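Undergrad: Give me coordinates for this.
(chains A, B, C, D, E, F, G and H, ligands or ions: 1)
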Amino acid sequence: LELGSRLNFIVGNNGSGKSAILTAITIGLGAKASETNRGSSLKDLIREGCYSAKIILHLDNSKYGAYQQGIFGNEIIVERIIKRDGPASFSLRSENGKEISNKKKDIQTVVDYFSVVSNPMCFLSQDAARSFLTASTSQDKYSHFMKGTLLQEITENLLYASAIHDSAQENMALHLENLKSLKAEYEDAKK
Amino acid sequence: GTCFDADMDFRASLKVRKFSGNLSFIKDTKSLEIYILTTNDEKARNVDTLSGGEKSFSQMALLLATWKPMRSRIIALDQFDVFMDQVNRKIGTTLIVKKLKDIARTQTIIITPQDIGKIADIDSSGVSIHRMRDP
Amino acid sequence: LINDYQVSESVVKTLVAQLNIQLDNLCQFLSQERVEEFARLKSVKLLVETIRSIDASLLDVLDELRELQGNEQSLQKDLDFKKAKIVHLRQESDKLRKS
Amino acid sequence: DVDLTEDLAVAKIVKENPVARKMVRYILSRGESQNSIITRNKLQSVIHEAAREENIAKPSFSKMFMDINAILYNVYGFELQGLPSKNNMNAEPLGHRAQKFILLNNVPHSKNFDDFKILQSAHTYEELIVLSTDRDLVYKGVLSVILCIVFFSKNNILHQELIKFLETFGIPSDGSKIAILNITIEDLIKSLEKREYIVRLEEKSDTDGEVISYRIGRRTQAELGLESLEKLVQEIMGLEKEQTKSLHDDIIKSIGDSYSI
Amino acid sequence: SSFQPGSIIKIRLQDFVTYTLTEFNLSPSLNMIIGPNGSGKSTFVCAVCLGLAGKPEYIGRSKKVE
Amino acid sequence: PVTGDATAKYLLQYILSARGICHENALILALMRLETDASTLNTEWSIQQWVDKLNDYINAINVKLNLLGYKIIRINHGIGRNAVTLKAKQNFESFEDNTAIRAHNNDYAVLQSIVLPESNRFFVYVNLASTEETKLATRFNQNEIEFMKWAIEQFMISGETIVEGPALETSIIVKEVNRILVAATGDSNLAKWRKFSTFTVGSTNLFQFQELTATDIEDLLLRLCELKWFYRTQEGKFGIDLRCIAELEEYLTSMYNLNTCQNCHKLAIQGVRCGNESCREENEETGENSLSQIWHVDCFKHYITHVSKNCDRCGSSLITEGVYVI
Amino acid sequence: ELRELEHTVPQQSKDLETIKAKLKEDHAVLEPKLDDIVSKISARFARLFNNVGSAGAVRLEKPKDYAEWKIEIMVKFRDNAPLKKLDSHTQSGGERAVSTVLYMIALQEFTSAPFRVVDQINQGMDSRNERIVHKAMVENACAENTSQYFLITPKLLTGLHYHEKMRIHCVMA
Amino acid sequence: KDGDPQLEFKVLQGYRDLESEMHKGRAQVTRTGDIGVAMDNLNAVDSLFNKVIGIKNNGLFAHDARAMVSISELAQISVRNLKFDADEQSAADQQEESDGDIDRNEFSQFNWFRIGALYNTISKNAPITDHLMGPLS
Ligand SMILES: [Zn+2]
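TA: Numbering: from 1, shown residues only, chains lettered A, B, ... in the order given. Please find the structure below.
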C-alpha cells in the first residue's frame, strides 16, 4: 500500500476487502478476536493460504513532531509479522532498518507522542458504522455520540467511583462503629 | 463546549452544502434530537424530515462535528457507501479536502469502494488520499 | 374498492388483519436488509415481537410482570428500611426509658 | 496366605452367592452414574428379586450385607455403611438394621501419590481452557467451599447469606446456566439434598414468611473425616505441624453441634 | 374455502409505472418466481403491498402512491 | 501381600481416575509413586524388574477379576509404542518441566532421569457379563445407547469402505508408516499407495441423527469424550476409544466377523492391510467377504523385518499393494 | 411511626403476595405456551436444517425475570470445531438468512399466516445458500395442506430436485 | 499543564505500573491486610492527578477512577483486617488464590483444579467406574 503524509483514504474496490483492509490496518495496532474478523487462528489475517502477514510501515520523522529522529532514525519501520502460530513478531526499525524496538509498546509511546481505535468515534466497525448512520434515532444517535465523546463511558466511571464512594461510606459506618466500641471499652477502662 | 462546537460545525457544514438549527441533547431521556432548519425544509424540523441522502449527510456532518473538539488525532471509517449516496460521498471528500488538508494531526483511515480518492477532489496537503492498488 | 365499492384504506387494513396476513410484520413479510436487522435485533425484543406476532396477551402479561417486579423492589427496600427503623426505634426507646 | 485363603473362602461363599457380584454391579453402576445412597428397602427388594431368580430361600439379610462388605474389602478395601434415619437427626454397626447405604474408601493417604495426581491434573488444567470428572470436580469444589462456609457458620447459615458468599466468589447468582455445568446452582443444591450432602431448613416466621437456613447433610457428615478435615485445612494454607492442635480446636469451635456426634 | 385461506387469483394491473395493462393468472400451489428486475419486480412487490393496505416503506423503493 | 493387595487397590483406584484404562508406562510411574509412598524402593532394578513384579501383581489381580465377571487385559496400543511414546514424551517433557518445581528429591531426579522405554500397552478392567445390573449402567437414557450403537455401525461401514486418494500426512499414522518403511528398506522416496480407510468420519452424521435436540447431542458427546469412549480427531472426526474398543472388540467381533491381526491374531482397527483386492477378496471357500490380511503395526514390522514383503493370502507387492488402516 | 409501619406492613405483604400469585399464574400460562412455541418451532426448523444437511438449533433463554428472556441460535457446519452460538458477529450472512427463512417457516407453522412471500431477500447470497432456500421451498411444497408460496430470485441453478405438488415460477422483469 | 502529550502518557504509564503494584498489594492484603498500600496508592494517584490538573483527556480520568475504586477497596479490606488479629473467608480466597499461579474476577483454571483434587485426595467415598457391556445388548 502507498501512503505518506496524506491520510489513509483506501480506494479499495470489491474483492479487495475494503472493510477487511480497514480491519487489517486496525490490527496494525493490536486488535483482538472480536475486532479482527479472523477468529482464533490468524491464517485469514494473512493472505488465505499464506503465513507471513507482513505489516511494513516506514514512518519518516523529518517533519513537525519528530519521535527519536536521532534514535529511532528519521524513518521508522514498523514490522509486524503476523503468523499462523505463536504471537506475532514485531520489529521497530529505524530509517536504515536498524531495529530500535521489537514490541508495540514503543509504538504506543510513538502514538502518544502523536495521538495518531479505543474510542468508537476513533474507529468504527461495519456494524458500528451501520448502527451510527442507519440504525440511529435520537436516542441511538445520543448513545453513539456520547460513546464517541466517551461521555457515556465518562459518566460510567463517574457513577462507578460514586458507587465505590458509597461503599467507602459503608466502610466508614462499620469501621466507625468498631472504633466506637473500642473507644467505649477504652473510656470504661479509664474510669 | 463539545455540544456547542458540534452544533456550530454541523451548521457550517450544512451551509457549505446549504443549512442551520439546534440539538435537543436530552440527557434524561438520552435522546439526541437534531432539529435542523434547512433551505430544503421549512422550519427547525428534525433531520428525520430530510431525505435519506440528506439524513446521511447530516449524520456525517454531525459526526465530523463530534470529531472537531475531541482530543483524537486518529479516526477511522469504513462500510458507509452501501447505505449512503455518491453525492454524499463526493461532498464528504470535498469536506475532507477542505478540512483534513490542514489537519496534519488526525490520521483518517477512511475506506471507499470506488477510487474516488483520486477521481474526486480529496487529495491535498496535510492528510489526504494516497495510492491504494486496486485488485 | 371492496367488490368495486370505493372506500378508504382502513377497511382494507381490517381485511388484512382478518386474513391472517401482515405485509408489514417481518415474521410474515420482510426484506434482506430487514433480514439482517432481524439478525441483529435484540434477542429479548425480537423474541417478544415474534410472540406479539403470535400472542400479545402474554406480552402485556410479561410487561405487568416486570412492572410488578419493580413494585416488588420498591416495596422490598421499603420493608428493609422499616425493619431497620423498627429496631433502631426500639433501642432508642430503651435509652429514653433509662433517661 | 491370609488373603489367599480368605479370598478362597470368599469364592466358596460366592459359590453360595453370585448374587453379591450382581449386587455390587448395580451398586457401582448406580453410584458412578449417580453418586448415590441406597435405601434398606431397595436392598431387600432387589434381594428378594434375586432370591426368586436364584430360586433359593432367602438367607439372613445381615449375613448377606456382611458377606458382600467383606468381599469388596478383600477386593476393594472398602466398607459398606448404612445410615441412621433422618428422623433420628431432627427429633454396633446396625447394618441389616441401618436404613441408607453407601460405600466408603478405607485406606489412608499415600501422600506422594495424591500429590502426583495433583501434578497430572495440573498439566490438565493449565492446558485446559482460557469434563464430567472436572465438571463434578467444580461441583464438589463449590460444595466444599460452602461446607467451609457453614463451618465458619457453625452448621447454620441462611439462604441469602450463602448467596452473598457465592457472589463473594464471583458466582453468577443471575440465574444463568452454570459455566461448564450449564445448570442453576439451585439444582446443585437440590442435588446435595438428594445426595444428602446438605440440610435445608424452612421456618414460617409470621413476619418474614419462610426463612431458610442450611446445615451439613449426613452424606458429607459421614464423609467428613475429622483428621481429614483438619489436614485438609492445613493443606489449604500449606501449613506445618505447628498450628496443628490450635487450629484443631479452632475447627472444633467451627463445628460445635455441626454433627450429631 | 376450498383452497387455502387467502388464495390469490389473477391480478390485473393497469397504467402502473410502465404497465398500461397486464394480468397475472397466479398459482395457488407454489411460486418459485426466479428472475431479476428491469420491469419493476420490486416495483411489482410495492404494487402488491400498497394495493393491499400496506405501506410501501416496508422496502422503501418509492413512497408516494400517486 | 497386604502391601501388594493395597497396592493393587490403589492401582485400580487410579484406574478409576483412569476410569478403567491405564498405560503400561503410566502404571510404571504409579509404581514408582507407590514405592516412594512405601519407601521400599530398591534402586538396583531395571525397569524390566519393576514390570515383572507389576505383572505378577497383575496376575493375582486378574485371578480375582475372573472371579468377578470383570477383568484387566494388557494390550498394545495400535498406534504403536513409538508414536504412543512420542505423544507421551511430549507430555513427559511437560511432566519433567512441571516436576522440576517438585524435584527436590533424588527420587524425582531419578524419575525424570528414567527416559521411558517406548511402550503402547494399557491395562483394562472390563465387563465380561451381560445381565440386569449390566444394562443397569444407569449412565443415561436408552436413546443415547441406541443412537450411539447406530453411530458405531456407521463407523463400521466407514472402516469397511476403502477410500482412494493421497494419504493425509496430517495423520501421524502416515508419518510413522513412512518412517518404518525408510527404517526397514532405506528407500527415502518409496512410492506410497493411495488406498486407505478409517471409521473416524461420521461426526457430520452425529449431526444427522434427528430424534433429539442438537444440544443434548453435543453434551452427550462431551460426556463420551470425557468418558473416553470415542475420540475427537483434530479434523473434527471421531473414532471409538481403544478401551471402548476392547469392550466392543469382542462384541462386534461376534456381530460382524471381524478378522484379527495375522501375527498377534488380535483385532486391530489401525495398521496395514493388503491393498491387493485379491487379498481382500472373499475367501471363496467360506463365502464371507474376507477383509485383507492385516498385522498389528508392530506385528507387521516384525514380519517384514523377519518374514516377507509379500502377502500370504495373495502374495502381493505389499510395498505397493498395501492399505493404511486408520 | 411504628404504628404507621405496622399498619402498612400487612397491607404491603398482602399486595406482595397478590403480585406473587399473579406472577405464578403468568408463569403457569406462558411457560407451557412458550414451551410448545419454542419446542415445535425448533423441531420444524431443525428438521429442515437436517434436510439441508447442516447443524443448527434455536434455544430459548429464560432468566429469573421474563424481561430477561430471549431466543438465540447456535449452529455449525465446520466439523473441525464443535458447535457454538449463531449470532451476527463473524458468521456468513447467508447462514443467518437461511435461519430467518426457517424462522418464518416455523412462524407459518404456528401463526395464522396461511401463505408465504419471500421478497428477493436472496440478494448477495451464494450458490449453496440459495439452493438451500430453493429446497426449503420444496419442503414447503412437501408439507401438508398446500398453501400459497412465493419466492423471488434473480437467477436459478441446476440440480433442482422437483416434485408434483410444487409449482415453479419465473418472475420476468 | 493543559495538553502536554508527554505528561498525559507518563501519567498513564505510572498508573499502569501502579495497577501492577496494587495487584501485588492485593495478594499482600489477602494474605496479611496492609493499609499502607491503600493510602500510598491514594497519595500517588492524587499527586499524579494534581499533575493532570489542567490536562483534560477523558481516559486519564477513567483510569484514575479505576484507581480510586481499587484503593477504596484496599483501605476498607485492610481496616477490616486491622480491627482484630472470616479466616476461612480469607482462606478460601487464599485457597483459590494459592491455586492461582497463572503467569505470576473470573474463575481460574487451577482454582477448581486444586479444589476437586483436594476432595478426591480426601474423599472417603471410593471412586467409581462404568462400562457398556449389557447396555450393549
Ligand atoms: Zn492377499
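Undergrad: what's the distance between the most centrally placed residue in chain G and chain C?
TA: Nearest to the mean C-alpha position of chain G, by CA atoms, centre = their mean, lies residue G:103 at 3.4 Å. Per CB to the nearest CB, to the nearest Å, residue G:103 is found 8 Å from chain C. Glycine gets a C-beta too; all of them are placed from N, C-alpha and C.
Undergrad: again, but for residue H:69
TA: Distance from residue H:69 to chain C, by CB to the nearest CB: 24 Å.
Undergrad: so how many other residues sit close to that residue?
TA: 18 (other CB atoms under 10 Å in any protein chain shown).
Undergrad: so where does it fall, helix or strand?
TA: Counting by DSSP states H and E, the element that carries residue H:69 is helix H:58-83.
Undergrad: dump the residue contacts of the residue nearest to residue B:84 when sequence neighbours are not counted.
TA: Leaving aside its chain neighbours, residue B:84 sits nearest to residue B:56 (4.5 Å; criterion: CB to CB, 6 or more residues apart in numbering or on different chains). Counting by CB atoms under 8 Å, 6 or more residues apart in numbering or on different chains, residue B:56 touches A:133, B:83-85, B:88.
Undergrad: If we only consider those, which is nearest to chain C?
TA: Closest to chain C out of the contacts of residue B:56 is residue B:83 (8.6 Å), distances taken as CB to the nearest CB.
Undergrad: residues contacting that closest one?
TA: Going by CB under 8 Å, 6+ apart, residue B:83 touches A:130, A:133-134, B:56.
Undergrad: Grab the nearest non-local neighbour of the spatially most central residue of chain A.
TA: In chain A, the residue lying closest to the centroid (CA atoms, centre = their mean) is residue A:118, at 4.3 Å. The shortest distance from residue A:118 to any non-neighbouring residue, by CB to CB, 6+ apart, is to residue H:59 (7.4 Å).
Undergrad: how many other residues sit next to the one you found?
TA: By other CB under 10 Å, the burial measure for residue H:59, its neighbour count, is 17.
Undergrad: How about residue G:137?
TA: 24.
Undergrad: Equivalent analysis for the one 3 residues further on, please.
TA: Residue neighbour count, defined by other CB under 10 Å, stands at 20 for residue G:140.
Undergrad: How about residue D:107?
TA: Neighbours of residue D:107 (other CB under 10 Å): 14.
Undergrad: swap in residue D:239?
TA: The number of residues near residue D:239, taken as other CB under 10 Å, comes to 14.
Undergrad: For it, give its distance to chain C.
TA: From residue D:239 to chain C the distance is 41 Å (CB to the nearest CB).
Undergrad: check contacts around that residue.
TA: D:233, D:247.
Undergrad: sec struct for it, please.
TA: Here residue D:239 is recorded as coil under DSSP: H, G, I helix; E, B strand; the rest coil.
Undergrad: What lies in contact with stretch C:90-99?
TA: Outside stretch C:90-99, no residue touches it (CB under 8 Å, 6+ apart).
Undergrad: Give me the neighbour count for the closest residue to the ion within the stretch 51-200 of chain D.
TA: Going by CB to the ion, the ion is nearest to residue D:127 of the stretch 51-200 of chain D, at 43.7 Å. Neighbour count for residue D:127, taken as other CB under 10 Å: 10.
Undergrad: Please give me every residue in contact with it.
TA: So residue D:127 contacts nothing (CB under 8 Å, 6+ apart).
Undergrad: now residue 59, nearest residue through space, not along the chain?
TA: You didn't pick a chain, so chain A it is. Per CB to CB, 6+ apart, closest to residue A:59 is residue A:76, 3.8 Å.
Undergrad: Chain B is the one I meant
TA: Residue B:59 sits nearest to residue A:133 (CB to CB, 6+ apart), 5.2 Å away.
Undergrad: ok, how many other residues are close to the one you found?
TA: Neighbours of residue A:133 (other CB under 10 Å): 21.
Undergrad: For it, give me its contacts.
TA: Applying CB under 8 Å, 6+ apart, the residues contacting residue A:133 are B:56, B:59-60, B:80, B:83-84.
Undergrad: Which members of those residues are the farthest-apart pair?
TA: Across the contacts of residue A:133, no pair lies farther apart than B:60 and B:83, at 11.5 Å, counting by CB to CB.
Undergrad: Tell me, how many residues neighbour residue 60?
TA: Just so you know, I chose chain A. The tally of other residues near residue A:60 (other CB under 10 Å) stands at 14.
Undergrad: looking at chain G here, not the other one
TA: Count around residue G:60 with other CB under 10 Å applied: 17.
Undergrad: Let's verify the residue of the stretch 51-200 of chain D closest to the ion: helix, strand, or coil?
TA: Here residue D:127 is recorded as helix under three-state DSSP.
Undergrad: does the closest residue to residue D:70 other than its chain neighbours count as helix, strand or coil?
TA: For residue D:70, ignoring the flanking residues on the chain, the nearest one in space by CB to CB, 6+ apart is residue D:10 at 6.9 Å. The three-state assignment at residue D:10 reads helix, by three-state DSSP.
Undergrad: Pretty sure residue D:10 sits against residue D:74.
TA: Yes - contact criterion CB atoms under 8 Å: residue D:10 and residue D:74 qualify, at 6.0 Å.
Undergrad: out of those two, which sits in the busier spot?
TA: Between residue D:10 and residue D:74, counting by other CB under 10 Å, residue D:10 is the more crowded of the two (21 against 16).
Undergrad: Who are the contact partners of the more buried one?
TA: Residue D:10 neighbours (CB under 8 Å, 6+ apart): D:70-71, D:74.
Undergrad: Quick one: the helices in chain E, in order.
TA: Secondary structure of chain E (DSSP state H): helices at E:41-50.
Undergrad: and it, which residues reach chain D?
TA: By CB under 8 Å from any CB of the partner chain, no part of chain E sits against chain D.
Undergrad: Quick check: the residue of chain E nearest chain A.
TA: Counting by CB to the nearest CB, chain E gets nearest to chain A through residue E:60 (11.5 Å).
Undergrad: Count the neighbours of that residue for me.
TA: Residues near residue E:60, counting by other CB under 10 Å, number 13.
Undergrad: Same check on the one 5 residues further on?
TA: Summarising burial for residue E:65: neighbours were counted as other CB under 10 Å, giving 11.
Undergrad: just checking, it touches residue E:47?
TA: No - the pair residue E:65 / residue E:47 is not scored as a contact, 9.6 Å apart, by CB under 8 Å.
Undergrad: which residues sit in contact with residue H:67?
TA: Residue H:67 neighbours (CB under 8 Å, 6+ apart): H:15, H:18-19, H:22, H:41, H:45.
Undergrad: buried subset of these?
TA: For the contacts of residue H:67, a burial check counting by 16 or more other CB atoms under 10 Å in any protein chain shown picks out H:15, H:18, H:22, H:41, H:45.
Undergrad: quick revisit: who's in contact with the residue nearest to residue A:118?
TA: So residue H:59 contacts A:118, A:150, H:12 (CB under 8 Å, 6+ apart).
Undergrad: Do a quick rundown of the strands in the stretch 1-150 of chain F.
TA: F:21-23, F:70-76, F:121-127 (DSSP state E, counting those that start in this stretch).
Undergrad: which stretch among those strands comes nearest chain C?
TA: Closest approach to chain C among the strands of the stretch 1-150 of chain F (CB to the nearest CB): strand F:21-23, 43.1 Å.
Undergrad: Distance of the nearest residue to residue F:40 once chain neighbours are set aside relative to residue F:16?
TA: Nearest residue to residue F:40 in three dimensions, chain neighbours excluded: residue F:3, at 7.8 Å (CB to CB, 6+ apart). Distance of residue F:3 to residue F:16, computed by CB to CB, to the nearest Å: 20 Å.
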